[PDB]
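Okay, so here's the structure we're looking at.
When reading the values below, keep in mind they use all heavy atoms of this one structure, side chains included, and skip hydrogens, waters and symmetry mates. Per chain, numbering begins at 1; letters A, B, ... match sequence-line order.
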Amino acid sequence: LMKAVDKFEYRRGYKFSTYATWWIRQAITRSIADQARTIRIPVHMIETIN
DNA sequence: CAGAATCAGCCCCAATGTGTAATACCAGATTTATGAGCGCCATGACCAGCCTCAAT
């Protein structure tokens, strides 16, 4: 959310929630793919497994 | 003389401690595997006498 706030633009006329949701979900998924296993697995291989 | 205050004595409530036998894509950077190559310790082939025997 802080990262999304750092790059939000209000001139487009869209609400902040639509822009912030993408960043929040991307950060959450990246964290899950990074630090949720005892043995680290790369993001591309995690995506292939999914 | 009765009053209630601030201290020990007493009591109710909480707490811990015990309990046995064999998503998606995008771009930029990195690395392991096959490319050959220099270079060599050690395989197989000689090759000179000092070391080890014989007859007179």
**Message:** Do A:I28 and A:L1 land in one hydrophobic cluster if side-chain heavy atoms of ILVMFWY residues count as linked below 4.5 Å?
**Reply:** yes

**Asked** NE2 of A:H44 versus P of B:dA29: gap in Å, rounded?
**Response** 18 Å

**Fill in**
The correct list of stems in which DNA chain B takes part (3 or more consecutive Watson-Crick or G-U pairs, distances under 3.5 Å) is none

**Item:** Nearest-Å distance for atom pair CZ/P, residues A:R30 and B:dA24
**Value:** 14 Å

**Prompt:** So what's B:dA27 doing, north or south, if we go by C1'-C2'-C3'-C4' (plus is north, minus is south)?
**Reply:** south

**Fill in**
With north defined by a positive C1'-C2'-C3'-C4' torsion and south by a negative one, B:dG19 has a sugar that is north

**Asked** Which sugar class, north or south, is indicated for B:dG35 by the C1'-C2'-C3'-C4' dihedral?
**Response** north

**Request:** Please indicate the pucker of B:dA24, north or south, going by the torsion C1'-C2'-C3'-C4'.
**Result:** north

**Request:** Please state how far atom CG in A:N50 lies from atom P in B:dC25, giving the value in whole angstrom units.
**Result:** 13 Å

**Item:** Planes under 30° and centres under 5.5 Å for B:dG19 and B:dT20
**Value:** no

**Prompt:** Rounded to whole angstroms, how far apart are CE on A:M45 and P on B:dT23?
**Reply:** 18 Å

**Message:** Taking the sign of the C1'-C2'-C3'-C4' torsion, positive for north and negative for south, which way does the sugar of B:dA15 pucker?
**Reply:** north

**Asked** In whole angstroms, how far is the P atom of B:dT23 from the CD1 atom of A:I28?
**Response** 12 Å

Side-chain atoms of residues 34-49 of chain A: list all donor-acceptor pairs with protein atoms under 3.5 Å, sequence neighbours left out, distances to 0.1 Å.
unit_1 : atom_1 : unit_2 : atom_2 : d
A:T48  : OG1    : A:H44  : O      : 3.2

Only pairs under 3.5 Å count here: list side-chain donor-acceptor contacts from residues 14-25 of chain A, not counting sequence neighbours, and write none if there are none.
unit_1 : atom_1 : unit_2 : atom_2 : d
A:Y19  : OH     : A:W23  : NE1    : 3.4
A:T21  : OG1    : A:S17  : O      : 2.6

**Message:** Taking salt bridge (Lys or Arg N to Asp or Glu O under 4.0 Å) as the cut-off, I'd like each qualifying pair that reaches into residues 3-12 of chain A, sequence neighbours left out, listed once.
**Reply:** A:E9-A:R12

**Item:** Gap between atoms CD1 and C1', on A:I49 and B:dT23 respectively (whole Å)
**Value:** 15 Å

**Fill in**
A:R25 atom CZ is separated from B:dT23 atom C1', nearest whole Å, by 9 Å

**Message:** In whole Å, I'd like the distance from the CD atom of A:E47 to the P atom of B:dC26.
**Reply:** 13 Å

